[PDB]
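K.L.:
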Amino acid sequence: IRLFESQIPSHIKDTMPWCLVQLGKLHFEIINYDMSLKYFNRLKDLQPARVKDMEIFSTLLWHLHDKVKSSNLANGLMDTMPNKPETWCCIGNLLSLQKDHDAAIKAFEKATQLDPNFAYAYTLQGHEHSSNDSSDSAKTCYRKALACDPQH
Amino acid sequence: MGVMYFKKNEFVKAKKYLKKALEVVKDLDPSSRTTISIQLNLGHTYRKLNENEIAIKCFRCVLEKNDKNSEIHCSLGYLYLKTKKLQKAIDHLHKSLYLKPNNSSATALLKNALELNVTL
Amino acid sequence: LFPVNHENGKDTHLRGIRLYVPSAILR
Amino acid sequence: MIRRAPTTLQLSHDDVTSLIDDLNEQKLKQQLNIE
Amino acid sequence: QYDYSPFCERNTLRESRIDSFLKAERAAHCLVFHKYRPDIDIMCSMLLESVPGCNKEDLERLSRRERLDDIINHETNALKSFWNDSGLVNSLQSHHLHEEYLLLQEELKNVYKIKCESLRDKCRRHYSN
Numbered sequence: 456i457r458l459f460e461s462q463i464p465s466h467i468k469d470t471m472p473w474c475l476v477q478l479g480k481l482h483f484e485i486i487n488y489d490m491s492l493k494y495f496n497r498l499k500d501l502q503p504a505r506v507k508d509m510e511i512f513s514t515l516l517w518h519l520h521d522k523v524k525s526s527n528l529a530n531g532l533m534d535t536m537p538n539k540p541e542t543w544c545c546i547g548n549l550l551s552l553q554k555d556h557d558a559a560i561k562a563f564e565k566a567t568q569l570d571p572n573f574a575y576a577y578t579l580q581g582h583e584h585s586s587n588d589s590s591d592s593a594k595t596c597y598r599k600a601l602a603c604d605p606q607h
Numbered sequence: 639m640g641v642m643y644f645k646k647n648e649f650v651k652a653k654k655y656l657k658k659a660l661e662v663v664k665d666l667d668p669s670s671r672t673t674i675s676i677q678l679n680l681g682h683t684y685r686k687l688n689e690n691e692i693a694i695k696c697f698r699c700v701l702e703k704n705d706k707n708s709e710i711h712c713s714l715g716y717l718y719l720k721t722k723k724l725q726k727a728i729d730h731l732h733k734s735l736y737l738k739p740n741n742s743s744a745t746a747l748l749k750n751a752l753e754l755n756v757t758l
Numbered sequence: 201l202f203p204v205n206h207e208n209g210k211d212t213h214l215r216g217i218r219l220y221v222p223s247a248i249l250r
Numbered sequence: 001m002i003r004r005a006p007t008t009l010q011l012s013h014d015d016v017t018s019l020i021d022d023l024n025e026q027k028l029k030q031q032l033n034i035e
Numbered sequence: 090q091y092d093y094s095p096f097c098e099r100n101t102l103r104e105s106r107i108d109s110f111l112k113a114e115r116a117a118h119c120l121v122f123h124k134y135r136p137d138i139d140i141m142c159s160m161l162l163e164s165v166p167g168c169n170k171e172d173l174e175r176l177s178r179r180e191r192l193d194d195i196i197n198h199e200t201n202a203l204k205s206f207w208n209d210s211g212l213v214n215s216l217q218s219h220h221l222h223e224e225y226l227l228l229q230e231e232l233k234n235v236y237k238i239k240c247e248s249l250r251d252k253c254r255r256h257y258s259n
């Protein structure tokens with residue numbers, strides 16, 4: 456973040472979508488929730504129909520309980536690409552945000568079926584399975600999550 | 639002959655017959671489920687011979703020729719945990735869990751490896 | 201046991217039943 | 001002719017249990033040494 | 090002698106098929122050539163010569179980069205384009221043209237509509259398929 460502040464010009468910083476994504480993910484990692492949202496909104500302003508890595512935003516907006524923006528983003532993402540796994544995991548995150556979670560598990564497993572090498576879908580599945588007061592399924596899901604991404 | 643000398647708890651001659659088998663088949667036909675058996679059995683003999691480096695090499699080679707193999711990844715976890723290469727051990731063990739979630743020894747192996755890593 | 205119901209009923213419902221015994248996050 | 005599929009050695013449960021046990025006493029060795 | 094090698098790579102063809110192909114081939118060519135042997139001969159301002167459904171007038175329009193009798197002219201002209209210069213329309217009775225015309229845009233309109247959702251619900255169609 457200090458390197459952004461010093462070694463990155465402001466005009467490049469507030470214009471590059473990739474720098475915005477990296478900066479938002481970084482501020483997520485420091486658990487700076489307010490900072491990340493007002494730049495991810497700028498990212499959506501730059502291009503609404505971009506998927507890349509929307510898992511971070513889905514995780515953020517689940518915490519902030521913004522049901523309407525999440526609904527809009529999920530609708531737009533599906534209308535753009537149905538086969539990208541991040542879109543399906545965002546939908547499952549919204550569904551878990553609402554209330555029902557069995558269909559969220561099913562959506563997550565389908566998203567993992569679209570691309571077996573997506574570790575964040577596995578780890579989101581495992582984190583969700585804790586809410587199902589079930590541990591063995593959660594434990595197996597966590598193990599298969601860590602299998603996909605060694606450093607997670 | 640190598641397999642049966644292995645089963646007879648006489649490993650040294652089993653290795654020489656399996657080494658001869660490997661060298662006969664080395665030049666031709668790396669594929670076709672024959673060299674796979676040769677390297678797997680030879681690596682098993684080394685792991686039972688207590689020499690680990692060439693066993694790891696052979697297991698890595700056969701893993702290159704075949705990735706979907708829970709037993710291979712379990713053996714890699716065994717060999718890596720025998721040495722102090724904990725990260726490779728846990729990585730291959732998690733791979734084995736991914737290939738087959740319900741493995742008996744693998745769960746205890748993961749628990750022991752994680753505990754050793756934390757205490758390290 | 202529910203041997204009889206009100207106003208000479210036939211069957212019986214059971215709305216609720218419970219048993220009692222003694223003894247922030249990253250997504 | 002129908003060549004038989006060659007037999008493949010299997011990683012038994014007993015030897016891996018022996019190794020995991022040995023590792024448990026291995027880690028138990030220096031914990032008292034550290035103390 | 091009539092050459093039949095390309096019609097079948099087998100070097101010998103039974104005489105029944107030799108006249109069968111020769112009679113059929115000549116008739117097929119005589120249909121296209123006239124609105134004789136095939137081995138003897140096979141031969142015979160905007161660059162664009164023809165587009166299905168395009169009359170000479172449509173082609174001319176392209177170069178520019180664009191009451192009972194009169195409707196009968198529009199009656200025939202509509203079926204000229206759709207049927208790719210079919211000769212049976214001139215033999216058709218005039219009153220039989222009307223019902224075919226009415227069904228034409230009715231089917232054509234149905235194509236127009238064909239040629240022209248909640249988050250939870252729209253996920254099922256991908257999963258179930």
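Chains as they are written, first to last, in full-length UniProt numbering: chain V, 456 to 607; chain Z, 639 to 758; chain B, 201 to 223, 247 to 250; chain R, 1 to 35; chain H, 90 to 124, 134 to 142, 159 to 180, 191 to 240, 247 to 259. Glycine included, every Cβ here is placed at the ideal spot set by N, Cα and C.
Is R/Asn24 close to chain Z? Criterion is C-beta to C-beta, closer than 9 angstroms.
P.N.:
The sequence position of residue 24 of chain R within the fourth sequence is 24, counting from 1. Interface residue, yes.
K.L.:
Let me know the secondary structure DSSP gives H/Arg135 once reduced to three states.
P.N.:
To locate residue 135 of chain H, count along the fifth sequence from 1; it is residue 37. Coil, per DSSP.
K.L.:
Given 8 angstroms as the limit, is there contact between the region 660-679 of chain Z and the region 687-694 of chain Z, that is, 3 or more CB pairs closer than that?
P.N.:
Too few Cβ pairs lie closer than 8 angstroms, so no.
K.L.:
Please decide whether V/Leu579 counts as near chain B, where near means a Cβ-Cβ distance under 9 angstroms.
P.N.:
Walking along the first sequence from the start, residue 579 of chain V turns up at place 124. Taking Cβ atoms only, chain B reaches closer than 9 angstroms to V/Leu579, which makes this a yes.
K.L.:
Give the range of the alpha helix (DSSP H) segment to which V/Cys474 is assigned.
P.N.:
Taking the first residue of the first sequence as 1, we reach residue 474 of chain V at position 19. Note, V/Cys474: alpha helix (DSSP H), 472-484.
K.L.:
Specify whether the region 480-495 of chain V and the region 505-517 of chain V touch according to this definition: at least 3 beta carbon pairs, one from each stretch, less than 8 angstroms apart.
P.N.:
Taking 8 angstroms as the limit for Cβ pairs, the verdict is that the region 505-517 of chain V does touch the region 480-495 of chain V.
K.L.:
Can you name the start and end residues of the alpha helix (DSSP H) that Z/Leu660 belongs to?
P.N.:
As a working mapping, residue 660 of chain Z is identified with position 22 in the second sequence. Unbroken alpha helix (DSSP H) run through Z/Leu660: 649-663.
K.L.:
Determine, using beta-carbon pairs with one atom in the region 558-566 of chain V and one in the region 538-548 of chain V, whether at least three such pairs fall under 8 angstroms.
P.N.:
Contact between the region 558-566 of chain V and the region 538-548 of chain V is present, because at least three Cβ pairs lie under 8 angstroms.
K.L.:
Taking only three categories from DSSP, how would you classify V/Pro540?
P.N.:
Residue numbering aside, residue 540 of chain V sits at position 85 when the first sequence is read from its first letter. Helix, per DSSP.
K.L.:
Take H/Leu227 as the anchor and find which of H/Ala202, H/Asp209, H/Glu98, H/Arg135 has the nearest alpha-carbon.
P.N.:
Locating residue 227 of chain H in the fifth sequence gives position 103, where the first residue counts as 1. Comparing Cα-Cα distances from H/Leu227 to each of H/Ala202, H/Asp209, H/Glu98, H/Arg135, the minimum goes to H/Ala202.
K.L.:
List in chain order: all unbroken alpha helix (DSSP H) runs of 4+ residues lying wholly within the UniProt repeat "TPR 4" (574-607) of chain V.
P.N.:
Listed in chain order, they are 574-586, 591-603.
K.L.:
Tell me which residues of the UniProt repeat "TPR 3" (540-573) of chain V have at least one Cβ-Cβ distance to chain H shorter than 8 angstroms, keeping chain order.
P.N.:
Listed by position, the residues of the UniProt repeat "TPR 3" (540-573) of chain V near chain H (Cβ gap below 8 angstroms) are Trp543, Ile546, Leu549, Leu550, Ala558, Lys561, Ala562, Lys565.
K.L.:
Taking only the alpha-carbon atoms, compute the straight-line gap between H/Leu216 and H/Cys119 and give it to the nearest angstrom.
P.N.:
Counted from its first residue, the fifth sequence places residue 216 of chain H at position 92. Counted from its first residue, the fifth sequence places residue 119 of chain H at position 30. Cα to Cα, the separation comes out at about 25 angstroms.
K.L.:
Curious, which full-length alpha helix (DSSP H) runs of at least 4 residues does the region 687-713 of chain Z contain?
P.N.:
Qualifying alpha helix (DSSP H) stretches, in chain order: 691-703.
K.L.:
Counting only beta-carbon separations shorter than 9 angstroms, does H/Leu249 have a partner in chain V?
P.N.:
Here residue 249 of chain H refers to the residue found at position 119 of the fifth sequence. True, the Cβ-Cβ gap to chain V drops below 9 angstroms.
K.L.:
Using 9 angstroms as the threshold, is the C-beta distance between V/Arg598 and Z/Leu735 below it?
P.N.:
By 1-based counting over the first sequence, the position of residue 598 of chain V is 143. By 1-based counting over the second sequence, the position of residue 735 of chain Z is 97. Against a cut-off of 9 angstroms, the Cβ pair of Z/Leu735 and V/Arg598 comes out as a contact.
K.L.:
Under DSSP, the alpha helix (DSSP H) around Z/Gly640 begins and ends at which residues?
P.N.:
As a position in the second sequence, residue 640 of chain Z is number 2, starting the count at 1. 640-645 is the span of the alpha helix (DSSP H), which, as asked, contains Z/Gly640.
K.L.:
Closer than 6 angstroms by C-beta to V/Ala593: which residues in its own chain qualify, once you throw out the five before and the five after it? Chain order, please.
P.N.:
Stepping through the first sequence from its first residue, residue 593 of chain V is reached at position 138. Excluding sequence neighbours, V/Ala593 sits near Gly581, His584, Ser585.
K.L.:
Any contact of the region 93-109 of chain H with the region 207-216 of chain B, i.e. 3+ C-beta pairs under 8 angstroms?
P.N.:
No, the region 93-109 of chain H is not in contact with the region 207-216 of chain B.
K.L.:
Can you grab the Cα-Cα spacing for the pair R/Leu23 / V/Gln606, in whole Å?
P.N.:
Walking along the fourth sequence from the start, residue 23 of chain R turns up at place 23. Walking along the first sequence from the start, residue 606 of chain V turns up at place 151. Approximately 24 angstroms, taken between the alpha carbons.
K.L.:
If the cut is a Cβ gap below 8 angstroms, which residues of chain V does Z/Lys733 touch?
P.N.:
The residue you call residue 733 of chain Z lines up with position 95 of the second sequence. The contacting residues are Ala602.
K.L.:
Between which two residues does the alpha helix (DSSP H) harbouring H/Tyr225 extend?
P.N.:
Sequence index remark: in the fifth sequence, residue 225 of chain H carries index 101 (1-based). Start and end: 218-239.
K.L.:
Can you check whether the C-beta of residue 768 of chain Z is within less than 9 angstroms of a C-beta belonging to chain R?
P.N.:
Outside the shown range of chain Z (639 to 758) lies residue 768 of chain Z, about which nothing can therefore be said.
K.L.:
When burial is assigned at 16 or more other CB atoms within 10 Å of the CB, is V/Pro540 buried or exposed?
P.N.:
Taking the first sequence and counting its residues from 1, one reaches residue 540 of chain V at position 85. Burial call: buried.
K.L.:
Whose C-alpha, out of V/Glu460, V/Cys603, V/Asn530, is nearest the C-alpha of H/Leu249?
P.N.:
Looking up residue 249 of chain H in the fifth sequence gives position 119. Answer by Cα proximity: V/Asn530.
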